[PDB]
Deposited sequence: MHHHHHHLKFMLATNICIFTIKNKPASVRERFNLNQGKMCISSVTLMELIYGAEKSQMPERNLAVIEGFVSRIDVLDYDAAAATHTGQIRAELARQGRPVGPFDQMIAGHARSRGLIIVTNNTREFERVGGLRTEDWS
């Protein structure tokens, strides 16, 4: 039973070192960011290989109609507040909220603005 959705930065911290098993997942949106980071890195093949290994340990959730609907709502509400958030961060927030998941992030201030969204900082 899934309890957490790890933000992209948390995935990176976990990989680089420098917690729960079976209860964690990522949005497919975070996978996209991870792939982009590896491929643009100095060692793309090696870093891509690492990501396949990371992904095999957690669930990757498809970004579905529910995730999209929550995201659209969040984006409209944020715009009203003058509260900017990254486009992908907004999608991860919506996905998490759509799934009743805790979003784990080292940016608890950025995701704090999404109403109905619980956050933890494992940094």
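Residues of the deposited sequence with no modelled C-alpha atom fall in the ranges 1-6, 25-33.
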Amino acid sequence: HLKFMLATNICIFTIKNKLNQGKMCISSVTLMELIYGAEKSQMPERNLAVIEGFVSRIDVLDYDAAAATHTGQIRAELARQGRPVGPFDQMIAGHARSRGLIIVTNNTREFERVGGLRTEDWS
From here on, numbers count along this sequence of modelled residues.
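Higher mean CA temperature factor, per the PDB entry, when comparing 113-121 with 4-12: 113-121. As the entry records it, the average C-alpha temperature factor is higher for 42-50, out of 87-95 and 42-50.
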